[PDB]
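Scroll down for the structure; my scribbles are underneath it.
For the numbers below, each heavy atom of this structure counts, side chains included, while hydrogens, waters and symmetry mates do not. Chain letters run A, B, ... following the sequence lines, proteins first, then strands; residues in each count from 1. Whatever order the structure lists them in is the order used to number ligands and atoms, beginning at 1.
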2 protein chains.
Amino acid sequence: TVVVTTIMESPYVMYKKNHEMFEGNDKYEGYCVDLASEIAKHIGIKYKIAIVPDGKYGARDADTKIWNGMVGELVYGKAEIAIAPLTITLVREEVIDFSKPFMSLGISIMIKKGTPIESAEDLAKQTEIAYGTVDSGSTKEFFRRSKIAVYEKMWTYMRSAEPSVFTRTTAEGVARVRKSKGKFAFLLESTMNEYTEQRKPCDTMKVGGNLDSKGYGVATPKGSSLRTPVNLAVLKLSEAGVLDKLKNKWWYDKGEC
Amino acid sequence: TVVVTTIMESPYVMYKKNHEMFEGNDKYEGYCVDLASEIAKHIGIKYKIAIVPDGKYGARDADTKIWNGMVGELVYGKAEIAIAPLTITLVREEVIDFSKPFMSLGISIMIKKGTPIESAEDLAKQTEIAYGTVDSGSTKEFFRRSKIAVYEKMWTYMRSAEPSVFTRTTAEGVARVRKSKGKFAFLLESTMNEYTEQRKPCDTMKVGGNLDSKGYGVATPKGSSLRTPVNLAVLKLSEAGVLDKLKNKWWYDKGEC
Ligand SMILES: N[C@@H](CCC(=O)O)C(=O)O
Ligand SMILES: N[C@@H](CCC(=O)O)C(=O)O
């Protein structure tokens, strides 16, 4: 039985209503729950969903050099596959493998409706509206590593901001936007942003274009016999239009705004 | 010296003005020429650009089972790397390797301005306007393999259309659109469609959303020592914003419309 690391993130992995009464994998629903089922069917494996204990995507400690989050679970052999909205990055590719992308996305800006912001330049040239990102993920790293002037300005602000503009989870960032009367904006991937925009109370929206262009991949530890089957499975699902059906199912069919 | 297979396709690889006076690689300019230079710099290789002899992207002969085009050049050891708008697909992944995507795209519809078509459904429910794709590529295969009703109908038409609706090159498809007074539409990737829309005489446009979501990758033959360095190089260029800069350079800085 293959241990699948994933993260509680709507609409990828969520608790079913009355999840307490279900056992194991049956506790959960979402895009990545369906993707896990599809891949397992294609490659012929039994699997168990294990929600990442620390609740993080994955970053390397510049102190102890230890990987946390889902990346950590793979690196240290606690899980055999990661089926979550895990961004394909250089630093991660150096320690784990990724399938070709199952979803295409970029960093985006979330505002409370009515906020006078339409771009990253708009954010960077003012101080009245605060903004941040989730911790321990690719978005925080993006700003840390950027040599593009606008993003460097944004990082210089966010890195030193008090109280902290970095949130433990995406949900916490969204809640912060919703409660802050337009005085907090949140930087997050377009996929999560677009989802939230179609959820009650319909008070947030994505503004401007994406800051970058990248993808989520299904990840496996280096040397895994699952590497190739997983990659081919993702491409088959892509080409058969199943990934498009799954996105429509979890983002728009369920649309509430 | 590494042989780089590529294809004459604007704005990826084009002849410089007065190309006859230049030698070797310096005869050429474009997105993929710049990408080749960037990758070679990162991975420390000397290279020679060789335009694919048969002028094809790459498909397998359901008869001889022989791969043609750039895929063929890699499969049969005539080239060591492909740096071109070559789509990452299942069938190709079974015989060659691809880097993670350097560009994201989908199949799209090109029309002569004023053509009463705004979608794939619009095309499929009529017969007055003909439509086709380029031969020996991923777009033709998409329609061949689709089980989506609208696309199945389009394939059933295109496969048996007289005279042939399939063109040898993208340029031939574009010229056919331009010359046909709204009676021909062309199915091609969004990237090439978007490019053409900003080129004189500014008589074409992209209509509707993309039919799929996929990527171009830099390809290497199975067992190549260049596989990992090329993959990491693409991700480095992605993350440094170089891919975005190159797209802006060749599509929009170079806009005529
Ligand atoms: N998909 C991101 C998580 C969210 C973010 O950082 O925006 C990652 O893999 O780290
Ligand atoms: N990018 C395509 C070429 C053109 C097409 O088929 O649309 C390929 O690699 O085959």
*Collect the protein residues that have a non-hydrogen atom under 4.0 Å from ligand 2 and hand them over in chain and number order.*
B:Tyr57, B:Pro85, B:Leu86, B:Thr87, B:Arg92, B:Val134, B:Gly137, B:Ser138, B:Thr139, B:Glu189, B:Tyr216
*Enumerate the residue pairs fulfilling side-chain hydrogen bond (donor to acceptor under 3.5 Å, both in side chains) with a member in residues 63-74 of chain B, sequence neighbours excluded, ordered by first and then second residue.*
B:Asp61-B:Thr64
_By salt bridge (charged side-chain N to carboxylate O under 4.0 Å, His left out) - contacts of A:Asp34 (at least two apart)_ = A:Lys249
*Do we see a donor-acceptor contact under 3.5 Å between the side chains of A:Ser138 and A:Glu189?*
yes
*Taking only residues two or more places apart in sequence, or in another chain, which ones meet B:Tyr15 in a ring-ring contact (aromatic ring centres under 6.0 Å, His included)?*
B:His19, B:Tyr28
*Could you verify whether a donor N or O on one side chain and an acceptor N or O on the other, from B:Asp97 and B:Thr220, lie under 3.5 Å apart?*
no
*Measure the acute angle between the ring planes of B:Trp251 and B:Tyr12, then classify it against the limits of 30° and 60° as parallel, tilted or perpendicular.*
perpendicular
